[PDB]
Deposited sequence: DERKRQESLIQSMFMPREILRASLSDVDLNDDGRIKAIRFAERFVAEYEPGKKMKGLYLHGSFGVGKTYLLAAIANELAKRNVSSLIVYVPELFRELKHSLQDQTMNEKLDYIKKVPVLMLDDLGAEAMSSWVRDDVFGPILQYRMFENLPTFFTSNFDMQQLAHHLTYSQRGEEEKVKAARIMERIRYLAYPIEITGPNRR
């Protein structure tokens, strides 16, 4: 349907938004636990409710991003808007840029936010990414993520120094989402 019309998207092709939580197979634990969580989230969702999102991590091509698109489609089926952001592209358009701040605002404020592909390529990110996360915590705005790295690795990954604050941001994330590993074949 016009489901896709309610699903906003930044820096990523809209054709990947052709997804459904019914096309995902039961094959293993990762997804069984994931969509089970997803559907409970989508059923119980209501503006302004402490609610944990998902932090999906795993190898390349297991269907992590598709899971987010899938969840967004379920929500648009509830007439709730969400936004999926290819994050690596968000941090880049931020270095080379007319307008962008009006959009960070939209990101911090959307009902449900899905940050795709966290973790690939101190730092100014202490001013941009953290605040976003902190605003969604403060306002009870559900937040999802997809990374190739898990909680342990992601920290070790963003901008290594010779600090702790990277670990402070790692805290907002696990506060915001419940991590689940997605195993399975390499769909490609």
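Stretches of the deposited sequence lacking C-alpha coordinates, numbered from 1: 1-3, 101-103, 128-130, 172-176.
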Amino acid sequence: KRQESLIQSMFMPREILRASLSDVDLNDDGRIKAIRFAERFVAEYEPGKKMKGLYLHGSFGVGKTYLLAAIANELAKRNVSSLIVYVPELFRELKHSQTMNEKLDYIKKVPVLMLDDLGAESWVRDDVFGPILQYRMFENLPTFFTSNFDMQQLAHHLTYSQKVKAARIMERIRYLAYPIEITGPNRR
From here on, numbers count along this sequence of modelled residues.
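The mean C-alpha temperature factor is higher for 15-23 when 15-23 and 172-180 are set side by side.
When 124-132 is weighed against 38-46, 124-132 comes out higher, by mean CA B-factor as recorded in the entry. For the set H57, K52, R31, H157, the PDB entry assigns the largest Cα B-factor to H157.
For the set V87, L94, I107, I71, the maximum C-alpha B-factor listed in the entry falls on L94.
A76: CA B factor lies in the middle third for its chain, per the PDB record. Ranked within its chain, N140 lands in the lowest third, by CA B factor from the PDB record. Ranked by Cα temperature factor within the chain, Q162 sits in the highest third according to the deposited record. Among the modelled residues of the chain, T65 sits in the lowest third by CA temperature factor in this PDB entry. In the deposited entry, the Cα temperature factor of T146 sits in the bottom third of values across the chain's modelled residues.
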